[PDB]
Amino acid sequence: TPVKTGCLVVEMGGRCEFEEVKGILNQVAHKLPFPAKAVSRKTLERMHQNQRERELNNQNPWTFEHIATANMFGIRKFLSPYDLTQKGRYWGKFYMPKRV
Amino acid sequence: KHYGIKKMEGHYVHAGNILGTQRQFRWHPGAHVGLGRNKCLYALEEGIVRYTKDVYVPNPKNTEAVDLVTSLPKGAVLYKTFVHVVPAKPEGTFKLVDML
Amino acid sequence: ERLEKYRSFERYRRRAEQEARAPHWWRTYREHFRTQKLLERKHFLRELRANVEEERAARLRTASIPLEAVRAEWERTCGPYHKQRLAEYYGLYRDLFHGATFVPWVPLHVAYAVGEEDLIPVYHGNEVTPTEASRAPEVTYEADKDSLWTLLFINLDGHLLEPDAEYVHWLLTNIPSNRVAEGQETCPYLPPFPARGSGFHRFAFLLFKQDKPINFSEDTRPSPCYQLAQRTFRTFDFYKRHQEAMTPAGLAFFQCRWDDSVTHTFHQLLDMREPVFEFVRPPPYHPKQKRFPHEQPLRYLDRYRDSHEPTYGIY
Amino acid sequence: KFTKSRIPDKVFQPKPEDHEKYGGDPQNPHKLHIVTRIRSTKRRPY
Amino acid sequence: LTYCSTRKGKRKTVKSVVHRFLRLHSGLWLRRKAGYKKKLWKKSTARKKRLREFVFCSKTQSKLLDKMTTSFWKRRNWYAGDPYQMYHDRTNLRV
Amino acid sequence: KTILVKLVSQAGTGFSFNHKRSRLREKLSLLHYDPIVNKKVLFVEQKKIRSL
RNA sequence: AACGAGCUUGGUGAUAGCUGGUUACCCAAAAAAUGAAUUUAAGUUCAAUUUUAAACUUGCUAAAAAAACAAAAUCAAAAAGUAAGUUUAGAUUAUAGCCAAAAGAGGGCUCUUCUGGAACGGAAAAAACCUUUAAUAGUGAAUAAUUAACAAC
RNA sequence: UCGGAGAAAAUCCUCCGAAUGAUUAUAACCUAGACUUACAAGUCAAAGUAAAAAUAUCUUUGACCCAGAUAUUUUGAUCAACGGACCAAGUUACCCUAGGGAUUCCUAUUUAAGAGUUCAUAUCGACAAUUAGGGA
Ligand SMILES: [Mg+2]
Ligand SMILES: [Mg+2]
Ligand SMILES: [Mg+2]
Ligand SMILES: [Mg+2]
Ligand SMILES: [Mg+2]
Ligand SMILES: [Mg+2]
Ligand SMILES: [Mg+2]
Ligand SMILES: [Mg+2]
Ligand SMILES: [Mg+2]
Ligand SMILES: [Mg+2]
Ligand SMILES: [Mg+2]
Ligand SMILES: [Mg+2]
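Residues numbered from 1 in each chain as written, not as in the entry; some residues may be left out. Chains lettered and ligands numbered in written order. Part of a larger assembly, values for the part shown. Heavy atoms only, no water.

In the annotation of the PDB entry, chain F is listed under the name Large ribosomal subunit protein bL33m and assigned to Mus musculus. Recorded in the entry header as its title is "Mouse mitoribosome large subunit assembly intermediate bound to NSUN4, METRF4, GTPBP7 and the MALSU1-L0R8F8-mt-ACP complex, State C1 (SAMC knock-out)". On record in UniProt, under Subunit, the comment for chain F is "Component of the mitochondrial ribosome large subunit (39S) which comprises a 16S rRNA and about 50 distinct proteins." Checking UniProt for chain F, the heading Sequence similarities contains the comment "Belongs to the bacterial ribosomal protein bL33 family." (UniProt positions renumbered as here; feature names shortened; annotations may be inferred.)

For chain E, the PDB entry supplies the name Large ribosomal subunit protein bL35m and the organism Mus musculus. The UniProt entry for chain E carries this comment under Subcellular location: "Mitochondrion".

Participant: Any details on a positive patch on the surface? Residues and values, ideally.
Facilitator: Residues E:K38, E:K39, E:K42, E:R47, E:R50 and F:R50 make up a contiguous surface patch of positive charge. Its place among the elements puts E:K42 in the loop between strand 2 (29-31) and helix 2 (45-52). (Patch = residues over 30% accessible without salt bridge, like charges linked within 9 Å, V, L, I, M, F, W, Y side chains within 5 Å. Areas by Shrake-Rupley, 256 points an atom, 1.4 Å probe, with all protein chains shown as cover. Salt bridge = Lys/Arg side-chain N within 4 Å of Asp/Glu carboxyl O. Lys, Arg positive; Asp, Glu negative; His and termini not counted. Charge placed at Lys NZ, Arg CZ, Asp CG, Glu CD. Helix = DSSP H or I, 4+ residues; strand = E, 2+ residues; numbered from the N terminus.)

Participant: So, the sheet that holds strand 5 (residues 33-35) of chain B: which residues are in play, and what are the values?
Facilitator: Residue and element names in this part refer to chain B. If you trace the four strands from one edge of the open sheet to the other, you get 1-3-6-5, paired in antiparallel fashion. Because the sheet does not close on itself, it has two edges, and the strands there are strand 1 (4-5) and strand 5. Across two bridges, the pairing between strand 1 and strand 3 (residues 18-21) is antiparallel. Among the inter-strand pairings, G4 is bridged to a residue of strand 3, identified as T21. (Pairing = 2+ DSSP bridges.)

Participant: Can you explain the protein's contact with RNA strand H? Please cite residues and give values.
Facilitator: Residues in contact with RNA strand H amount to 59 residues; listed here are only the nearest, A:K31, B:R37, E:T45, F:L31 and F:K47. Each atom of RNA strand H within 4 Å of the protein was classed as base or backbone; sugar and phosphate made up 87%. Between a sugar or linking oxygen of RNA strand H and a side-chain N or O atom of B:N38, the distance comes to 3.4 Å. Breaking the surface near RNA strand H down by element, the ones donating at least two residues are helix 1 (18-30) of chain A, helix 2 of chain E together with strand 1 (2-9), strand 2 (16-22), strand 3 (29-34) and strand 4 (39-51) of chain F. It is helix 2 of chain E that provides the largest number of residues to the surface near RNA strand H, a total of six residues. In terms of residue class, the surface near RNA strand H is built from 19 nonpolar, 18 polar and 22 charged. (Near = heavy atom within 4 Å. Polar contact = N/O pair within 3.5 Å; in protein donor to acceptor, adjacent residues only side chain to side chain. Nonpolar A, V, L, I, M, F, W, Y, C, P; charged D, E, K, R; others polar.)

Participant: So what's going on with the environment of C:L60? Which residues, and what values?
Facilitator: Take C:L60: it is sitting in the loop between helix 4 (52-59) and helix 5 (67-77). Here the alpha-carbon distance between C:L60 and C:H109, two residues 49 residues apart in the chain, equals 38 Å.

Participant: With reference to specific residues and values, describe the packing of helix 5 of chain C against helix 6 (residues 79-90) of chain C.
Facilitator: Residue and element names in this part refer to chain C. Where helix 5 meets helix 6, the closest approach of the two axes is 5 Å, and the angle between their N-to-C directions is 85°. By the criterion of interaxial angle, the relationship of helix 5 to helix 6 is roughly perpendicular. Contacts between helix 5 and helix 6 involve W74, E75 and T77 from the first element and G79, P80, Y81, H82 and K83 from the second. Across the contact of helix 5 with helix 6, the residue classes tally to three nonpolar, three polar and two charged. (Axes fitted to C-alpha atoms, helices over the stretch in contact; angles between N-to-C directions. Parallel < 35°, antiparallel > 145°, perpendicular 65-115°, else oblique. Contact = heavy atoms within 4.5 Å.)

Participant: Would you mind going over the packing of aromatic side chains in detail, with residue names and values included?
Facilitator: Within this structure, the stated rule accounts for 29 aromatic pairs over all chains. An angle of 80° between the planes, with centres 6.2 Å apart, marks the rings of C:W170 and C:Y189 as edge-to-face. You can see C:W170 sitting in strand 6 (residues 166-175) and its partner C:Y189 sitting in the loop between strand 7 (184-187) and strand 8 (201-210), a full 19 residues away along the chain. Between C:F233 and C:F238, the aromatic rings sit 5.2 Å apart at their centres with planes inclined by 55°, giving tilted as the arrangement. Members of the aromatic cluster, each reached through a chain of ring pairs, are C:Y112, C:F153, C:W170, C:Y189, C:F203, C:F205 and C:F254. When the ring centre of B:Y56 is taken as reference, the NZ or CZ atom of B:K80 above it lies at 4.7 Å. Directly above the ring of E:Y36 sits E:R32, whose terminal nitrogen or CZ lies 4.1 Å from the centroid. (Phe/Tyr/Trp six-rings, centres within 6.5 Å; stacked < 30°, edge-to-face > 60°. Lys NZ or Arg CZ within 6 Å of the ring centre and 35° of its normal.)

Participant: Please give an account of the packing of helix 3 (residues 35-50) of chain C against helix 4 of chain C that cites residues and values.
Facilitator: Residue and element names in this part refer to chain C. Contact geometry for helix 3 and helix 4: axes closest at 5 Å, N-to-C directions at 65°. Residues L48, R49 and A50 of helix 3 form the contact with helix 4, whose own contacting residues are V52, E54 and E55. For the contact of helix 3 with helix 4, the residue count by class is three nonpolar, no polar and three charged.

Participant: Quick one: what's the story with unusual backbone geometry, residue by residue and with numbers?
Facilitator: All names here are of chain C. Backbone torsion omega between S223 and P224 reads -10°, so that peptide bond is classified as cis. Topologically, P224 is positioned in the loop between strand 8 and helix 8 (228-231). Positive phi, close to 45°, is recorded for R61, a residue that is not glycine. Within the secondary structure layout, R61 lies in the loop between helix 4 and helix 5. With phi around 55°, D271 is a residue other than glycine that occupies positive phi space. Along the chain, the position of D271 falls in the loop between helix 10 (260-268) and strand 11 (275-280). Looking at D271, the relative accessible area reads 63%, which means it is exposed. (Buried < 20%, exposed > 50% of the residue type's maximum accessible area, 1.4 Å probe, protein only.)

See the structure below:
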C-alpha cells in the first residue's frame, strides 16, 4: 500500500488523553518503514500553524518559489518540472519541514 | 499511415489538394470538400481551409443513423466537425474579344 | 432520461434547421460563407366555414383558388415587403442608392405591347427580349389626383466604359397624377442594347413622388440623342440633387439578354461597331516546373508548353 | 525535459516600493535600454 | 562498369540500361513502372492505370544513367515521324 | 476453392477479361463494356486460366 | 630438421569488406555516430546533413486569435529584433559515440525523447560539472567561477 | 514479411489475423492537383469523353530476368531467409589464415509481544525498524 508524506496511517479515539496514547503510537510509528510521528488534533494544528507562521515572518528576501518560477539565475536548467509545484519542500520521497 | 491533417485552417489550398487522411470519420466533408474511398479529404475549389462544427442530419434511407438520431433526447442534437474551403477567386471574367 | 426522445425524423430535422439558424460560440459554416379588419376578416372566414359546398369540394379534393384575386390582395397587404426582398436580392438598393432601401408602395404596372393583340408585362425579375422592348411601354400606376411624379428607367450594369455609371433609357418628369403623356420627355426612349456574351442585364423602373414641380433642366437631354457619353448617369447623385422633392415609391425590373435587334441598335442609330464579349476563365494552376519532374508522366512537359507546333531553332 | 519557460506576468508588475528603491517613475517611462552581456551563453540552451 | 576497355581504351555502356530507359535530349530519362505486367487480375483499375504510364527519373537516377551510358546515346537523333519529337526540349523552364 | 477464368466477348470481338469464379458454381456470364464495340455486351466463359 | 598432405618455378603485383603504414607551410569551412535496404549489422548504396560555385528573394527569432486535439509542440495575419534563405550545378566523408541533467518505458542497468559539455581558470589530481566570444606582443588594469562549514533546558 | 489493437511517439513488451474468400446492379478510357516515399512500390481525385439510366459491397503480399496461353490480351513462387543467388548438407579435439576480444542467511544497533516457576532485557526473543555493513 503506497503512502505519501502527510498521510494519517492510523487513527485512534475515545475517552482518553493524548498522553495515555503517546507511548504506544510512538512505538508503533518507529517501526513503520517511513519516518512517522504520533500527533493529536492540537499538535497537527500547531504543526500547520508554525509552518504558516514561518513563511510570513521569514526574513530572507529570496525564496525557492520566486527564483524557480521566474527562472532567475537560469536556475531551471538544473531543476525538474515538478520542482515548481513542490517549491523545495519535497525532495524525492523525503519531506523537509524546515524548508519554507 | 502518417494519418493526420495535411492542410491546417488558414492555408491556401489548390483544387485537388488533400486536406486530411483518417481511418475513421474524425472530420467530415463540408462545402467544396470531397470524400475519397479511403475517407481522405480533398479540396474541390481553390481557397482557404476552415474547420467548423455544425449539426448532423443523416440520409433518411440508412436505418441506423435515423434510429440513433430519433433516440436522441428532445432537448438537443448531436454535432460533428466539418471542413470547408472558401473559394478565393471568381469563376471568370468577361473580356472584349472582337468589335464588329 | 427525463426529456422525451424524438419519435420521428422530421421532428429532429425541424429542430436541427432551427438550431442552425441561431448563432453559436463555435465557428460554423454560416459565418464564413386594423382591429376592425381583424373582426371583418374573422367574419368572412366564418361564412366560408359555414358554406357546405366549400366542405364538399375540400373533402372531394377538387377545390381550387383564383390566382388573380390573391395577387391583387397580396399587392395591397404585403406586396411592398416581398418586392423589397427581390430588390435587395437583385442588388438594386445597393447599386442604385449606395445601400439605402425604400419599400415600394405604389403598385406600378408596366407592359410592352406586342402588336396590338397582347402586351408583355414587366414584373420583378421577369425576362423580356430586346425585340419585345423596341417601343416604349404602357405605364399605369394608379397615382390618384395630383401628386406629380417622375418615372426613370435605367440599365444598372449595361455601361461599356465606367463600371459604376449606367445608361439612361427614358426619363419622364413632372408627371401629373396618372396621366403619363403629360410628362416632359427629358430623355427620349431608346431600345435596350445589352452586349453579346455579356450575361443578363437588370433594368429597373423607378417612380418618385414629387411634392412640387421642379424643372430638371440639367437632366434634359436632346431628342433624339445617340451619344453614350451623354446617356451616362448615376442614380445616387441625381437623387441627392432632388431628394427634397423626390422620394421613390415604385419598382419594376426585368432581365434581358443580347438579341438580333441589339445588332440593329448598335449600328443604325448608335452608329458604332457593336461590342462582343466572351466569358474567360482564369488559366489553370500548375506548380512551378522542376528540371527533373521525378515520378511524373510524360504529360508533365505538355502542361507548361505554349505552342503545339514543332520548332527547330538553328536548323 | 528542459524546455523554453513562460514567466508568470506578475513578475513584471512592479510594486510601489520598487519605484522608490530603483527611482523610476511608472509614468514617463524611459525610452532606450542600455544592455550589457555579463554571463556566457556556453552551457545555455540554443 | 568498364572505364578503359582492353581493345579500344574507352568507356563501355551498360546495355541493361539501354534496354529499359529512354533518354530525352534535354537530359530527362523515361521508364516504365515495375510490375505493370504482373498479376493484373488482382490490381485495382486506378492502380493499373498508374502502372501503364511512362514516368520520369530523379536527378540522382538521371546522374547514374548518364554515367552508365556513353555519349552516343546522348546525341540528337532526327527521326522522321518521331513520336517524342516535342519532348526533347524544355520550354518556359526558369531555374 | 476459387479459379481465375477468362470471360470472352460474344460480340465477335477478341476482347476478354479475367474474372474469379468459385469452382462449385456454374460457368460465369456477365454484361461488360467492350471498348472495341463501345457497347455493353455479354461476356461468356471460354477457358480456365489458373486455380486461385 | 614443423605434411589433414612434399618441394621448386610459373600462373602472380593471386585475393584480402581484415591489421599496419601513407613524406612541406599557411588560411578558411565542417558534419554525426540519424532514417531505409542489404547472406546486412568489421561493408556498401540512397535519403538526411555538410560543402563549393552560380541564380534571385525573402529567411531566422517570434508569432495573436483558431481551429485540429482532449474539453508544448504542430500550423503562422500583422509587427518588431535581426541577415539569412530558396533554387540550379558539382563533390566526398559519414552511417559504432562518451558523460552530465530532465521526462518516460522495460526492472542499477537497457532502451526512447529534450538540453548542455570537450580550459590553457576552478572543483586536489579531474575528456563530460562550473567560469570562459577567436588569435596576438606588453615587468599595465578591472573582474569571473572558486571544498568548505561554525552540545542541549 | 505484412495488417489490426494496448502501452502512448522505445520494447526480447501484450494480443488477433493474412498470405483471404464472399458478394454482386460488372465497376471504361482519359486527365488538373495532392498524399505517402531513400529508391522501388503503394494511395485519393475534379474536369472532359464513353458506356449505361447506384457505386462494386464487404476491409492484404513478391521486383527483374526468364519461361508460358492466346489472337492482341493475359498467366506463372510458404522466391515465407518474404528487396527475392536459377540450382549446394554435416563435421574438425588433426586443423590453418586474417583479425577482434577477454585473460538468502548471518553481523551491529532500535523496538519488546512472548520464553525464562515468579520476573521483558542473567540468558534469549515473534511482527517490524537501520541511507546499518557483509557474504521461451
Ligand atoms: Mg620438411
Ligand atoms: Mg592487396
Ligand atoms: Mg565487413
Ligand atoms: Mg538475399
Ligand atoms: Mg511574419
Ligand atoms: Mg578556494
Ligand atoms: Mg517513387
Ligand atoms: Mg466526373
Ligand atoms: Mg534476406
Ligand atoms: Mg529481406
Ligand atoms: Mg519495406
Ligand atoms: Mg582425440
